[PDB]
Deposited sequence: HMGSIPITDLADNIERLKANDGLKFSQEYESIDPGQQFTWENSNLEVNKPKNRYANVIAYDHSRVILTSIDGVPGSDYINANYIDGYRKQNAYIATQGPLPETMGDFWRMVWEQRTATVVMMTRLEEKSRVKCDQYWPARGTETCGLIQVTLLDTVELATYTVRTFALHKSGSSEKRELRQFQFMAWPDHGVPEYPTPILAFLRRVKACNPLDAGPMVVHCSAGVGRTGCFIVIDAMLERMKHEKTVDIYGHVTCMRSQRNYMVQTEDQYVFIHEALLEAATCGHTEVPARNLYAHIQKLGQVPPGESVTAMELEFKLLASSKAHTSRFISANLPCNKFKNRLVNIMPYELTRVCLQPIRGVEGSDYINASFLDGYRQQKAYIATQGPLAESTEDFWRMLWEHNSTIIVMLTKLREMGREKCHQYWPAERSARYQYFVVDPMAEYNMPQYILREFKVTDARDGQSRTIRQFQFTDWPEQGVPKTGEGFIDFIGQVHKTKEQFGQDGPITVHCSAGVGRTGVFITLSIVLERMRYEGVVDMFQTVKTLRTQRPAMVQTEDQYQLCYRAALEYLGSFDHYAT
């Protein structure tokens, strides 16, 4: 809509814009017009032209960020950057290009002079062997970029974003300023993200850490118009929603085009903004600090007025509400490789094997890559191996350097197979290219640990693969307490750390979604609670479901996650 929309009508509006191959979306996006002419005299100056990453992306004169002049040096006031208004906030952002090797000093000096506390980087340094931006911060210690001395204090690497803390010093001054950088890691090499869940997390983190009394926030990507634009408009519209419960995307992008050229430079980006805000409007706010977890769970077990079920159930239903992605899984040659014919990996996040010449679908296995708290592809979530897929299962662990397995079922339960015994028990076994030797087996109260020596028969290299099998999961329902399971999650991850196993952790139950979801969800939530003191269950499961369908399959499994988190909390000091 070419104007304000109440969030309740947002989904319907997006549907209308999407209709007829998104004809309405195109017409609207193409009509965006500031309706005035601008000048860019400073950007075209011979001395400033090399300071533009793209000659055709310039800084309008009225809104450009002006640096102080350095005596004797023409063009000292120039950097390719413009102020951008936020929601009811003037010059709230600074959109800039990712600095060139020779404007890094200018870039930092802009940060100083504008009294910026937060820099937002919407790109990786290199995407598909193409340079999108040059690294402008020191990897370690202190570097001098022009007049500014930049010191790296702290780094925190999470799956989709990285936070760096710097201390700034300007030459000739004793003043010290702090600056945090937020780098987004989950924007694809081409097009827009498939899901808005990660970007929304990033924004929430940034809003949380950007001081209310700072200069304008610097946002940059490549040219500073595309991803930068998307970040800025979503951030502004999230604030508008918080205050008015309406959005005016078309209005805000129009105003933004008056401050810098091409803000939101493709239509798919314009659509992505709409979809992101629809998700935010729909999901509410689900984070709760540890201090409030008890009361929160009590509250979820209540039935809201005018409803029929608990808030817990409604919250769980909502996880499913945010819905041709199974391409390889439906190929005739691969259908028998799925233990359940309706539980398949997403094409984008599935784990791929090296293809074998002449064998169609030899690259397929029902398995997905799942993100951890700190890194992507930290878990492989897969089904309980079939006898048909056992050879492939061993090949996956080898090709992806996975040396820790987690089994969450018995071989048979309730009279039916949950998992094939894919491992040797008493003597060696050869599984196509691989020889697996039973090394040891240790029985613990609630789990069993099996160690194997796997050998590639092709070159003779060998690895120790370890399997942790959980034996105390009831064959009907869920554990009454999470005490044993939490300890299990601790032991699996303690082992990964203590033995320096860098690869992914392969997790399986039957279809690879129910108990596996609970394992992985709790692995992330419990660590995040320990380090950040907060719990976002809904967001954690919802993120997982964007990487493999139906993670955490039933409500009692979801109830379990909450229950276990509260129990883990009880083992801390305040609690």
Absent from the model, numbered along the deposited sequence, are 324-326, 579-580
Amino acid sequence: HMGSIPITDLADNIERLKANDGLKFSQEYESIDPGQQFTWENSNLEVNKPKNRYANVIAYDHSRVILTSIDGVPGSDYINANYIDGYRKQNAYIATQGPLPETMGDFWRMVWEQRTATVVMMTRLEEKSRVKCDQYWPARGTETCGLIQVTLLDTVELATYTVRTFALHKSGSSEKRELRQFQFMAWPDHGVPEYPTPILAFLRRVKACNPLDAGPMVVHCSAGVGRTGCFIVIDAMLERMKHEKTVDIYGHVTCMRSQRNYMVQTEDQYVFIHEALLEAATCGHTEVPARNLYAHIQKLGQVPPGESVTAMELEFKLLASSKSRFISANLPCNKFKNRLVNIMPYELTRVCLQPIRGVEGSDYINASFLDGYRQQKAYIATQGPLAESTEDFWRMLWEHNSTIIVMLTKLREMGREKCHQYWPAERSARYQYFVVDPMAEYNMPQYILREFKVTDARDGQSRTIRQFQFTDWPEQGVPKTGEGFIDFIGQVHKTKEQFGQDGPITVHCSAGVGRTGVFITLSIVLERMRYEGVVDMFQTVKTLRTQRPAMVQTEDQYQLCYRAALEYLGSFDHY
From here on, numbers count along this sequence of modelled residues.
Looking only at C-alpha temperature factors in the entry, 366-374 or 139-147, the higher average sits in 139-147
Going by the entry, of stretches 125-133 and 280-288 the one with greater average Cα B-factor is 125-133
Per the deposited entry, the peak Cα B-factor within the set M241, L411, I94, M396 goes to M241
Top Cα B-factor in this entry, restricted to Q302, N82, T403, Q183, sits on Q302
Temperature factor at the Cα of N20, chain-ranked in thirds, falls in the highest
Quick tally, chain-level thirds of C-alpha B-factors: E41 sits in the middle
On the chain's distribution of Cα B-factors, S173 falls within the third called highest
Chain thirds by Cα B factor, record data; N13 belongs to the highest
Quick tally, chain-level thirds of C-alpha B-factors: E388 sits in the highest
